[PDB]
Structure formats: structure tokens, C-alpha cells
Amino acid sequence: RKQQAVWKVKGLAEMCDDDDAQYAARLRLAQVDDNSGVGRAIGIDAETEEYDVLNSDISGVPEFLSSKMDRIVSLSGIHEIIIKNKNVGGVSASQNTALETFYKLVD
Amino acid sequence: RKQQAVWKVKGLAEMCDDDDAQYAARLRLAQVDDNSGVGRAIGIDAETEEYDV
Amino acid sequence: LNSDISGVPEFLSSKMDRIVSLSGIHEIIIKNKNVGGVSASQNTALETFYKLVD
Amino acid sequence: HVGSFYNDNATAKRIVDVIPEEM
Amino acid sequence: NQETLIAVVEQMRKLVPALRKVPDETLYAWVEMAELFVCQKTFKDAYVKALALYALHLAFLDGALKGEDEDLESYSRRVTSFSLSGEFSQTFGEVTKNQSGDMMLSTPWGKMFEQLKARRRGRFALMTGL
Amino acid sequence: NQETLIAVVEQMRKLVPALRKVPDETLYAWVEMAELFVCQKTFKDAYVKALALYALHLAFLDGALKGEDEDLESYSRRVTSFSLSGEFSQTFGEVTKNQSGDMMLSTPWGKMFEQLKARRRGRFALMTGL
Amino acid sequence: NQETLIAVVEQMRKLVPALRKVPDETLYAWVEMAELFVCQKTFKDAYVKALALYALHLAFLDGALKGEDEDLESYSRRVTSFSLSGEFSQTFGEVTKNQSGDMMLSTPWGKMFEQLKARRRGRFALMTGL
Amino acid sequence: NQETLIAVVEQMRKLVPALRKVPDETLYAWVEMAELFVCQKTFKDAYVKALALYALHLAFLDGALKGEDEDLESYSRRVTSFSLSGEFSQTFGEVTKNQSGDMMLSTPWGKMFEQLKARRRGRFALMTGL
Amino acid sequence: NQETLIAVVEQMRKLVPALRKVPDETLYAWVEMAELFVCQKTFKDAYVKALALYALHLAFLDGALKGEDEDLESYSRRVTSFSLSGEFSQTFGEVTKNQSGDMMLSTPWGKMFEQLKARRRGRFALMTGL
């Protein structure tokens with residue numbers, strides 16, 4: 001949920017909620033949102049109907065997830081290289097220098 | 001709690017708070033918030049109902 | 001009406017990182033893309049995979 | 001029951017089995 | 001149906017007196033006209049009362065019932081006052097000013113119907129595409 | 001029920017006099033109409049009084065009770081003033097002006113009912129999806 | 001068609017009395033003019049009633065039916081009041097004020113037609129290019 | 001209780017004279033109606049006086065006491081002026097205009113009750129979930 | 001107390017004449033009613049004068065003292081003008097329009113009490129949680 005497009009009509013509560021009118025309106029809405037985008041336009045009748053778009057943001061989610069994984073690593077008792085199974089987290093060392101703690105634990 | 005969608009209706013405090021009307025309204029709200037997102041739109045009746053985030 | 005695309009690539013990279021962590025194989029093998037880290041000797045990044053294979 | 005958690009989660013399985021195999 | 005028409009007309013005459021003198025056929029026509037707008041599944045048990053309220057609202061929207069002999073001119077205009085020499089005088093005015101340019105808020109029957117609909121189903125339309 | 005009808009009518013006649021002369025059947029019809037809107041649960045012990053207040057509010061919304069012989073024209077219009085030559089004169093006006101276009105704030109009974117509902121349950125609707 | 005014209009005229013005469021005295025040809029002409037605006041696929045069953053509502057709305061828009069002998073001047077002006085010495089006096093006024101400068105909200109038939117169209121199809125036009 | 005009713009009625013008759021001529025049963029009914037709204041734990045000692053103030057406010061909200069013989073029409077309308085030929089003339093008006101559309105600020109008793117409640121408990125509701 | 005009542009009544013009669021003819025019991029009742037609102041620790045020495053000012057304010061809020069024989073109707077309405085044929089004529093009006101919808105700013109005694117309270121303690125409430 002990053003963008004939401006809200007469609008307003010003047011008279012929309014005067015529907016049987018199960019008749020052909022709702023079916024046609026929902027089919028029209030589905031087709032219009034399927035065929036729209038950049039380079040395509042929508043024709044809106046004035047003084048009876050509007051069209052708005054609401055936005056959001058995703059700022060610091062990956063850092064939050066990395067912090068939670070760091071807590072898991074801290075509680076588990078095993079080196080982050082083993083659990084995350086991803087090097088490059090630190091600068092390129094010789095080799096065993098990062099794994100000495102794990103080797104001591106294994107010993 | 002990063003985003004909150006608030007739904008406003010003109011007449012909503014006239015229900016018994018236990019009859020079929022509340023059940024239907026809550027089911028409709030659940031389905032609508034389940035099927036919405038990016039690429040999906042909501043139809044709102046003007047002059048009687050709004051939708052904010 | 002305009003919009004924006006701010007942090008999608010980092011989101012996708014984070015999800016791929018979760019896949020790498022769960023799979024049990026080094027990121028070099030799965031992502032098949034070096035340069036992720038600085039230029040090392042060679043086998044230094046692949047020692048974990050070699051230990052797993054042994 | 002820890003059996004279901006061990007079976008379903010890969011992280012718990014790795015945590016349990018990483019040490020004995022290395023030894 | 002047929003018994004529904006008699007029940008609705010009887011309820012209309014019970015709620016408002018002096019409608020009994022009106023011929024039955026005009027009330028039937030107004031009831032069938034009102035039946036186009038009112039739903040049935042939502043109101044369920046209160047269908048007859050809802051139909052009577054809507055029929056009354058349509059009959060007293062801005063003055064539509066009128067009579068057999070009312071002149072054709074009076075349908076686009078009204079008389080504000082009238083007086084006959086030195087015998088008597090009289091002035092007339094509107095019943096209620098509604099700020100909002102919305103129908104169903106011009107007569108008490110419309111308000112009653114609106115609140116009944118709000119109680120039984122509600123006044124909203126929340127949809128998503130198919 | 002039945003005894004509820006007599007209790008409600010008797011309470012309405014106790015609160016407002018001069019309604020005793022009205023035939024009992026019209027009051028019964030108005031009470032059954034009012035019963036659709038009011039809910040006993042929330043009100044619990046005060047059910048009869050709440051029903052009486054709502055029935056009075058519906059009876060005096062914009063002028064609905066009227067009478068047996070009132071002409072059909074007077075339901076969409078009122079007489080502002082009337083005078084008979086040199087005998088007497090009289091002028092009329094509305095009882096009050098409500099700024100908000102909200103029903104139940106047009107008569108004192110509506111305000112009393114609204115405050116009673118606020119005291120017993122409240123005026124809000126806070127929901128989440130199922 | 002032909003039977004449609006008779007049905008529509010009969011419905012108009014049923015809804016509003018005192019239109020029976022109007023010659024049939026004028027009603028036919030007004031119905032053919034109204035048929036240009038009303039759709040048929042959307043209304044389906046209610047075609048006759050929708051046509052009657054639209055024809056009535058066009059006939060009572062701002063005063064268009066008039067009569068055979070009405071003077072040519074009265075089409076750009078109205079008389080507000082008229083009195084004959086000391087015999088009688090009379091004043092006239094408009095039927096209603098619509099805040100919005102929108103046609104179809106000037107007469108009750110226009111509002112009824114608008115709500116019928118909202119009930120059956122709706123008031124919107126959502127389009128994309130071909 | 002019972003002695004509370006006599007004490008409250010006597011206090012109302014003390015504060016406002018000319019209410020002594022009103023039959024005792026009507027005052028009892030109005031007091032029981034007022035007792036639904038007034039709390040007891042907050043007011044404590046001043047319960048009788050608070051009940052009297054609320055009962056007076058309800059009795060003089062917009063004109064509710066009326067009388068035994070008052071006509072049914074006068075409950076939705078008032079007379080602004082009346083004159084009898086060349087004998088006498090009289091004009092009538094409202095007692096005060098309240099800008100805010102709030103009940104309890106229309107009569108002096110309502111204002112007194114509001115300030116008493118503010119003095120003893122206060123006008124606020126600060127809540128947190130359970 | 002008792003001597004306080006006599007002192008307050010005597011001060012009220014000293015400040016405003018023509019209140020001497022009023023029976024002593026009604027003044028006592030109004031003084032006890034006013035005693036509920038006025039504090040004592042803040043005013044200290046000026047307690048009697050503050051009580052007299054508040055009693056006068058409550059007695060002349062919107063017209064509450066009235067009299068023994070005043071009709072019940074006049075408590076929700078007033079007479080704007082009155083004239084008896086060709087003998088005499090008279091018109092009436094309000095004393096002062098207060099822009100703010102605030103009580104204690106409608107009469108000079110209320111303003112005097114407010115300024116006395118501002119001088120002795122002040123008009124503020126600065127609190128922190130316990």
C-alpha cells in the first residue's frame with residue numbers, strides 16, 4: 001500500500017447492492033484501472049465526480065529489519081557470518097580472522 | 001502503526017451495535033481493505049462519505 | 001498527478017538478502033554477482049562455500 | 001512442542017545443527 | 001403485487017388523515033411510482049411502512065398531488081397573498097427553508113425515510129473493482 | 001407487545017395535555033411508527049419514556065399530526081397572517097430556527113431524546129473490520 | 001413508435017390531472033421532443049415512466065406550455081401583482097429558489113428523474129482512450 | 001424515593017412563584033422525567049437544588065408545560081401579534097437569542113445548572129482504554 | 001449561618017432600592033441559592049458584598065424574580081409592544097446586547113463580581129498532576 005486512488009461519484013448510495021448497476025460500475029472501474037497509467041488519461045465528468053491519488057513513503061524499513069536480525073544474531077550465540085550466510089558485511093580481511101570467534105566456540 | 005486509513009460515513013451511530021447491519025458493514029470494510037492496494041481503487045459516494053490516510 | 005519511486009531497489013535487495021540467508025548458500029553463488037564487496041584475492045570470499053561443500 | 005518449530009523454521013534448524021556437524 | 005398496494009394505501013391514510021377523500025386510483029398510481037425507488041431486500045419487514053413514507057414524500061415534494069380542477073398556470077408559480085376589497089385578507093409563505101440543495105430533506109417524511117434507511121442498512125457505498 | 005402501547009400513550013398524555021382528545025388509534029399508529037427507530041436494549045429501563053419522547057418528536061417534527069378535516073393544500077405551505085376586514089387581525093411565525101441542518105434538533109423532545117441517548121449509551125460508532 | 005406515445009401521454013395525464021383538457025397534439029409534440037433526451041437501454045422497463053417525467057420537466061421548466069392566446073410579451077417577463085381598484089388584490093411569486101445554477105433541479109419531476117437515473121445507471125462517465 | 005419529590009417540588013415553587021396553581025401530579029411527572037438526567041454522586045448535598053434547576057429547565061426549554069386546554073396547533077408555531085379591531089393591539093417576541101446551537105444555554109436555569117456542575121465536578125471526560 | 005443572611009439581604013436592599021417591598025423569604029431563598037456558587041476563602045473580608053453581588057446577578061439574569069401573579073406563559077417569551085386603541089402606546093426592548101455567549105457578562109452586577117474576583121484571586125487555573 002504505497003498509492004491509493006479514490007474515486008468519488010455524486011449519487012452512489014442509490015444502488016440495490018446486488019443488481020446489474022453495481023456489476024456494471026465495478027466492471028467499468030476494473031477496466032479503467034487496468035488500462036490507465038502513464039501516457040493514458042481518464043475522462044472525468046465535472047460537477048458530479050472527482051479523482052484523487054493518495055501517496056505514502058517507505059523510508060527506513062531495511063534498517064529496521066537488519067536491526068531485528070542483529071538482535072536474533074546476538075541472542076542466538078553464533079557469529080553473524082554463519083547465520084546471515086552473507087560476507088561483505090565487513091571489509092575484506094584475510095580469512096579466518098572473522099571466524100576466530102566461531103572456531104573458539106567450536107573448540 | 002505507520003499508516004492508518006480512517007473511514008467516515010454520514011449516518012453510522014444509528015445502528016443497534018449488534019444487529020445484522022453492523023455485521024454487514026464490518027464484513028464490507030474487511031473485504032474492501034483486503035482487496036485494496038496499488039492498482040486497485042475504491043468507489044466513494046460524495047457528500048456523504050470520505051476516506052483519509 | 002505525480003508520484004515518486006524512492007526506495008524500491010533497497011527493498012528488493014533486502015528481500016533477496018532474506019532469501020540468501022534462509023537458503024543456506026553464499027550470496028555470491030545465488031546472486032551470481034561479484035563487486036558486492038571490495039576486490040579481494042579470490043577464494044577468500046568463497047571459503048565459507050568451500051567449507052560447506054567439504 | 002519444539003519439534004514443529006524445528007521442522008518449520010530453517011533458522012532454528014541451522015542454529016541447532018551447525019555446531020555438532022562442525023565438531 | 002396487489003395486497004401490498006392496499007396495505008400501503010391504508011397505511012398512508014392512517015398516518016395522514018384527509019387523504020381518504022382522494023380517489024383510490026391516484027393513490028395507486030403514486031404508490032407504483034414510488035415503488036421504483038424503494039428497495040425491498042434491505043427494508044425486509046418494514047417494506048410497507050417505507051413505501052408509504054416514500055409515497056408521501058413524493059406526493060408532497062414541492063406540491064404535486066394538486067387536484068382535478070387546478071389551473072395549468074399554478075404548476076410553475078404560487079400566490080403569495082390575496083385579498084377581496086374590504087372583506088378579508090390573507091398571506092402565504094413557504095413551510096421550511098432547507099439550506100442544503102438536497103432532495104429528501106425538504107419534507108418530514110423524507111427525513112424519516114432517510115433515518116430509517118440509515119438504521120436498517122446505512123448511507124454509504126464502498127466498492128472495489130471486479 | 002400490547003401493555004407497552006398503553007404505557008407509552010399514557011406517558012405521552014401525562015407529559016403533554018390536550019392530546020387526550022385525540023382518538024386512541026392515531027396515537028397507537030404513531031407509536032408503532034416510532035418503535036421502528038428506538039432500541040430498547042441500550043435504553044433498558046427507560047424504554048417507555050424514550051419511546052414517548054420519540055413519538056412526540058415524530059408527531060411535532062414539522063407539523064404531521066394535523067387533523068381529520070385539514071385541507072390537502074396545507075401540507076406544503078402555511079398561512080403567515082390572516083385578518084377579517086375591520087374585526088380582527090393575527091400574524092404567525094415559526095417556533096424556532098435551527099442553524100444546523102440536522103433533524104432531532106428542531107424540537108425540544110428531540111433534544112431531550114438526544115441527551116438521554118448520550119447519557120445512557122453515547123453518540124459514536126467506532127468499528128473495525130471482521 | 002405509436003403505442004408508446006399513447007402510453008406516455010396517458011401516464012402524464014394520470015400523474016398530473018387538469019392536463020386532460022390540453023389538446024392531444026401538443027402533448028404528442030412535447031413527447032417527441034422529450035424522446036430526444038431520454039435513453040432506452042439504461043431505463044429498460046421504466047422507459048414509459050422516465051419519458052413521462054422528462055416530458056413533464058420540459059413542459060414546466062420555466063413556463064413553456066402557456067396557451068393558445070397568451071400574449072407574446074409574457075415570454076420574457078411575468079406579472080408580480082395585479083389589483084382592480086377597490087375590488088380585489090393579488091400578488092404572485094416564484095415556486096422555489098435553486099442555489100445551484102443547474103437544470104433538472106428546478107422542478108420536482110427533474111429531481112425524480114435524476115434520482116431514477118442514479119438508481120438505474122448512475123451519474124458518472126469514466127472513460128479511457130481507444 | 002418519595003420525600004425527595006416533595007422537597008424538589010417545594011423548592012421549585014419557592015424559586016418560581018405562580019407555579020403553585022399547577023396541579024401537583026404534573027410537577028411530579030416532570031420531576032421524574034428530570035431525574036433521569038441528573039446525577040447524584042457528583043452533586044451530593046445539592047441534589048435537591050440541582051434537580052429543581054433541571055426540572056425548571058426542562059419545563060421552560062421551548063415551551064413545554066403549556067396547559068390543559070391549549071390547542072394542538074400551537075406546539076409547532078407561535079402567534080407573533082394579535083389585535084382586535086380598534087380596541088387594542090399587542091406584539092410578541094422571543095426571550096433571547098443563543099448564538100451557539102447548544103441546549104442548556106437557552107434558559108437561565110440551564111446556565112445555573114451548567115455552572116453548578118462546573119463548580120462541583122467539571123465539564124470534561126478524560127479517558128483511557130481498559 | 002444566620003446573621004450572614006440578614007447582612008447580605010440588608011446590603012442588597014441598600015445597593016438597589018425598591019427591593020424592600022419584596023417579601024423577606026424569597027430574598028433568603030435566593031441568597032441561599034447564590035451561596036452555592038460563591039467561595040469564601042478567596043474573598044475573605046468582602047464575603048458579604050460578593051454574596052450580595054452574586055445574588056443580584058442571579059436575580060436579574062434574564063428575568064427570574066418575576067412576581068406572585070405573573071402568568072406562566074411569560075417565562076419563555078416577552079411583550080415587545082402594547083397599545084390600547086387611541087389612548088396610549090408603548091414599546092419595549094432589551095437592555096444590552098452581549099457579543100460573547102458568556103454568562104456573568106449580561107448584567108452590571110456580573111461584571112462587578114468578575115472584576116472583584118480578578119482583583120482578589122484572579123481568573124485562571126494552572127494545575128499539574130498528582
# chains A, B, ... in the order shown; residues from 1 in each chain; ligands from 1

call {"tool": "residues_around", "arguments": {"residues": "region 76-88 of chain I", "least_positions_apart": "6", "cutoff": "6 Å", "atoms": "only C-alpha atoms", "output": "list in words"}}
result
residues 86, 87, 88, 89, 90, 91, 92, 93, 94 and 95 of chain H

call {"tool": "calpha_fit_and_write", "arguments": {"fixed": "chain F", "moving": "chain H", "output": "PDB file with C-alpha atoms, in the first residue's frame"}}
result
ATOM      1  CA  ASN H   1     -46.414  -6.074  22.771  1.00  0.00           C
ATOM      2  CA  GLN H   2     -49.665  -4.550  24.024  1.00  0.00           C
ATOM      3  CA  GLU H   3     -49.230  -3.209  27.571  1.00  0.00           C
ATOM      4  CA  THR H   4     -46.217  -1.245  26.325  1.00  0.00           C
ATOM      5  CA  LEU H   5     -48.494   0.628  23.911  1.00  0.00           C
ATOM      6  CA  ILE H   6     -50.905   1.660  26.676  1.00  0.00           C
ATOM      7  CA  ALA H   7     -48.032   2.691  28.951  1.00  0.00           C
ATOM      8  CA  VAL H   8     -46.403   4.775  26.206  1.00  0.00           C
ATOM      9  CA  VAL H   9     -49.665   6.478  25.216  1.00  0.00           C
ATOM     10  CA  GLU H  10     -50.441   7.250  28.859  1.00  0.00           C
ATOM     11  CA  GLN H  11     -46.957   8.727  29.320  1.00  0.00           C
ATOM     12  CA  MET H  12     -47.398  10.921  26.233  1.00  0.00           C
ATOM     13  CA  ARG H  13     -50.755  12.143  27.537  1.00  0.00           C
ATOM     14  CA  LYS H  14     -49.168  12.826  30.935  1.00  0.00           C
ATOM     15  CA  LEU H  15     -46.259  14.850  29.540  1.00  0.00           C
ATOM     16  CA  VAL H  16     -48.372  16.878  27.099  1.00  0.00           C
ATOM     17  CA  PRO H  17     -52.015  17.660  27.925  1.00  0.00           C
ATOM     18  CA  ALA H  18     -54.711  18.338  25.286  1.00  0.00           C
ATOM     19  CA  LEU H  19     -53.561  15.163  23.505  1.00  0.00           C
ATOM     20  CA  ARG H  20     -56.222  13.267  25.470  1.00  0.00           C
ATOM     21  CA  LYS H  21     -58.901  14.403  23.005  1.00  0.00           C
ATOM     22  CA  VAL H  22     -57.056  12.736  20.102  1.00  0.00           C
ATOM     23  CA  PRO H  23     -58.523   9.320  19.174  1.00  0.00           C
ATOM     24  CA  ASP H  24     -56.532   6.425  20.595  1.00  0.00           C
ATOM     25  CA  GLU H  25     -55.926   4.661  17.263  1.00  0.00           C
ATOM     26  CA  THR H  26     -53.887   7.529  15.796  1.00  0.00           C
ATOM     27  CA  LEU H  27     -51.640   7.547  18.864  1.00  0.00           C
ATOM     28  CA  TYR H  28     -51.222   3.777  18.544  1.00  0.00           C
ATOM     29  CA  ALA H  29     -50.213   4.109  14.886  1.00  0.00           C
ATOM     30  CA  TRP H  30     -47.710   6.868  15.662  1.00  0.00           C
ATOM     31  CA  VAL H  31     -46.263   4.780  18.507  1.00  0.00           C
ATOM     32  CA  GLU H  32     -45.785   1.752  16.241  1.00  0.00           C
ATOM     33  CA  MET H  33     -44.102   4.005  13.679  1.00  0.00           C
ATOM     34  CA  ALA H  34     -41.818   5.437  16.377  1.00  0.00           C
ATOM     35  CA  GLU H  35     -40.922   1.963  17.671  1.00  0.00           C
ATOM     36  CA  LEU H  36     -39.042   1.236  14.427  1.00  0.00           C
ATOM     37  CA  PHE H  37     -36.384   3.828  15.307  1.00  0.00           C
ATOM     38  CA  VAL H  38     -35.967   3.407  19.075  1.00  0.00           C
ATOM     39  CA  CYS H  39     -33.648   0.706  20.391  1.00  0.00           C
ATOM     40  CA  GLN H  40     -34.372  -1.372  23.490  1.00  0.00           C
ATOM     41  CA  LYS H  41     -31.122  -2.954  24.714  1.00  0.00           C
ATOM     42  CA  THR H  42     -29.437   0.420  25.248  1.00  0.00           C
ATOM     43  CA  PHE H  43     -32.285   2.211  27.032  1.00  0.00           C
ATOM     44  CA  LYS H  44     -33.319  -0.778  29.193  1.00  0.00           C
ATOM     45  CA  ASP H  45     -35.375   0.677  32.049  1.00  0.00           C
ATOM     46  CA  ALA H  46     -36.200   3.990  30.315  1.00  0.00           C
ATOM     47  CA  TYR H  47     -37.699   2.292  27.234  1.00  0.00           C
ATOM     48  CA  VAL H  48     -41.218   3.662  27.759  1.00  0.00           C
ATOM     49  CA  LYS H  49     -40.050   7.242  28.304  1.00  0.00           C
ATOM     50  CA  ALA H  50     -37.681   7.104  25.323  1.00  0.00           C
ATOM     51  CA  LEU H  51     -40.494   5.773  23.134  1.00  0.00           C
ATOM     52  CA  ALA H  52     -42.784   8.575  24.311  1.00  0.00           C
ATOM     53  CA  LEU H  53     -40.136  11.205  23.547  1.00  0.00           C
ATOM     54  CA  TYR H  54     -39.486   9.816  20.063  1.00  0.00           C
ATOM     55  CA  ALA H  55     -43.206   9.560  19.291  1.00  0.00           C
ATOM     56  CA  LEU H  56     -43.752  13.169  20.372  1.00  0.00           C
ATOM     57  CA  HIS H  57     -40.783  14.281  18.259  1.00  0.00           C
ATOM     58  CA  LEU H  58     -42.173  12.496  15.200  1.00  0.00           C
ATOM     59  CA  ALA H  59     -45.642  13.931  15.854  1.00  0.00           C
ATOM     60  CA  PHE H  60     -44.320  17.513  16.066  1.00  0.00           C
ATOM     61  CA  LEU H  61     -41.446  17.374  13.563  1.00  0.00           C
ATOM     62  CA  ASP H  62     -42.757  19.965  11.080  1.00  0.00           C
ATOM     63  CA  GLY H  63     -46.488  19.516  11.674  1.00  0.00           C
ATOM     64  CA  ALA H  64     -47.621  15.968  10.986  1.00  0.00           C
ATOM     65  CA  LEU H  65     -50.530  15.223  13.322  1.00  0.00           C
ATOM     66  CA  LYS H  66     -52.814  17.842  11.701  1.00  0.00           C
ATOM     67  CA  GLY H  67     -56.464  16.725  11.896  1.00  0.00           C
ATOM     68  CA  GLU H  68     -59.291  14.893  10.191  1.00  0.00           C
ATOM     69  CA  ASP H  69     -60.603  17.891   8.229  1.00  0.00           C
ATOM     70  CA  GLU H  70     -57.371  19.764   7.397  1.00  0.00           C
ATOM     71  CA  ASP H  71     -57.222  20.656   3.696  1.00  0.00           C
ATOM     72  CA  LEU H  72     -54.746  18.855   1.438  1.00  0.00           C
ATOM     73  CA  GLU H  73     -53.001  22.087   0.410  1.00  0.00           C
ATOM     74  CA  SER H  74     -51.760  22.964   3.911  1.00  0.00           C
ATOM     75  CA  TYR H  75     -49.192  20.128   3.848  1.00  0.00           C
ATOM     76  CA  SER H  76     -46.800  22.053   1.568  1.00  0.00           C
ATOM     77  CA  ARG H  77     -47.452  25.610   2.822  1.00  0.00           C
ATOM     78  CA  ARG H  78     -48.619  27.629   5.818  1.00  0.00           C
ATOM     79  CA  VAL H  79     -50.618  30.809   6.378  1.00  0.00           C
ATOM     80  CA  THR H  80     -48.492  33.686   7.666  1.00  0.00           C
ATOM     81  CA  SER H  81     -51.279  36.131   8.531  1.00  0.00           C
ATOM     82  CA  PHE H  82     -55.050  36.440   8.300  1.00  0.00           C
ATOM     83  CA  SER H  83     -57.490  39.252   9.035  1.00  0.00           C
ATOM     84  CA  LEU H  84     -61.246  39.733   8.662  1.00  0.00           C
ATOM     85  CA  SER H  85     -61.920  43.285   7.430  1.00  0.00           C
ATOM     86  CA  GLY H  86     -62.121  45.563  10.466  1.00  0.00           C
ATOM     87  CA  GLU H  87     -62.914  42.847  13.016  1.00  0.00           C
ATOM     88  CA  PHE H  88     -59.552  41.347  14.000  1.00  0.00           C
ATOM     89  CA  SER H  89     -56.042  40.680  12.726  1.00  0.00           C
ATOM     90  CA  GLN H  90     -53.423  38.045  13.459  1.00  0.00           C
ATOM     91  CA  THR H  91     -49.873  37.234  12.378  1.00  0.00           C
ATOM     92  CA  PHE H  92     -48.061  33.919  12.634  1.00  0.00           C
ATOM     93  CA  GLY H  93     -44.470  32.752  12.865  1.00  0.00           C
ATOM     94  CA  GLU H  94     -42.142  29.811  13.269  1.00  0.00           C
ATOM     95  CA  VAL H  95     -41.298  28.447  16.704  1.00  0.00           C
ATOM     96  CA  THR H  96     -37.492  28.372  16.408  1.00  0.00           C
ATOM     97  CA  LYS H  97     -34.642  28.475  13.900  1.00  0.00           C
ATOM     98  CA  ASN H  98     -32.038  25.692  13.969  1.00  0.00           C
ATOM     99  CA  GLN H  99     -28.749  26.684  12.339  1.00  0.00           C
ATOM    100  CA  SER H 100     -27.580  23.116  11.726  1.00  0.00           C
ATOM    101  CA  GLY H 101     -29.456  21.206   9.041  1.00  0.00           C
ATOM    102  CA  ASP H 102     -29.885  18.267  11.416  1.00  0.00           C
ATOM    103  CA  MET H 103     -33.085  16.506  12.410  1.00  0.00           C
ATOM    104  CA  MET H 104     -33.738  15.866  16.152  1.00  0.00           C
ATOM    105  CA  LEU H 105     -32.615  19.441  16.944  1.00  0.00           C
ATOM    106  CA  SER H 106     -35.866  21.029  15.726  1.00  0.00           C
ATOM    107  CA  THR H 107     -38.043  20.232  18.770  1.00  0.00           C
ATOM    108  CA  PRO H 108     -37.411  20.079  22.535  1.00  0.00           C
ATOM    109  CA  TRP H 109     -38.373  16.392  22.606  1.00  0.00           C
ATOM    110  CA  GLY H 110     -35.675  15.623  20.042  1.00  0.00           C
ATOM    111  CA  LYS H 111     -33.059  17.389  22.160  1.00  0.00           C
ATOM    112  CA  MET H 112     -34.233  15.552  25.282  1.00  0.00           C
ATOM    113  CA  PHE H 113     -34.021  12.220  23.451  1.00  0.00           C
ATOM    114  CA  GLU H 114     -30.549  13.054  22.126  1.00  0.00           C
ATOM    115  CA  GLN H 115     -29.236  13.922  25.582  1.00  0.00           C
ATOM    116  CA  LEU H 116     -30.848  10.811  27.079  1.00  0.00           C
ATOM    117  CA  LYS H 117     -29.130   8.652  24.455  1.00  0.00           C
ATOM    118  CA  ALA H 118     -25.833  10.426  25.143  1.00  0.00           C
ATOM    119  CA  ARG H 119     -26.290   9.757  28.865  1.00  0.00           C
ATOM    120  CA  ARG H 120     -27.132   6.069  28.501  1.00  0.00           C
ATOM    121  CA  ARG H 121     -25.031   4.854  25.547  1.00  0.00           C
ATOM    122  CA  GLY H 122     -23.441   7.783  23.705  1.00  0.00           C
ATOM    123  CA  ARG H 123     -23.305   9.237  20.209  1.00  0.00           C
ATOM    124  CA  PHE H 124     -20.462   7.427  18.447  1.00  0.00           C
ATOM    125  CA  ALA H 125     -19.661   4.386  16.315  1.00  0.00           C
ATOM    126  CA  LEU H 126     -16.096   3.051  16.560  1.00  0.00           C
ATOM    127  CA  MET H 127     -15.658   0.012  14.325  1.00  0.00           C
ATOM    128  CA  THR H 128     -13.032  -2.303  12.874  1.00  0.00           C
ATOM    129  CA  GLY H 129     -13.320  -4.896  10.137  1.00  0.00           C
ATOM    130  CA  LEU H 130     -14.096  -8.537  10.812  1.00  0.00           C
TER     131      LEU H 130
END

call {"tool": "atom_distance", "arguments": {"atom1": "CA of residue 7 (chain A)", "atom2": "CA of residue 7 (chain C)"}}
result
27.3 Å

call {"tool": "select_by_dssp", "arguments": {"residues": "chain C", "states": "alpha helix (DSSP H)", "output": "list in words"}}
result
residues 8, 9, 10, 11, 12, 13, 14, 15, 16, 17, 18, 19, 20, 21, 22, 23, 27, 28, 29, 30, 31, 47, 48, 49, 50, 51, 52 and 53 of chain C

call {"tool": "interface_residues", "arguments": {"of": "chain B", "to": "chain G", "cutoff": "12 Å", "atoms": "only C-alpha atoms", "output": "PyMOL selection string"}}
result
chain B and resi 43+45-46
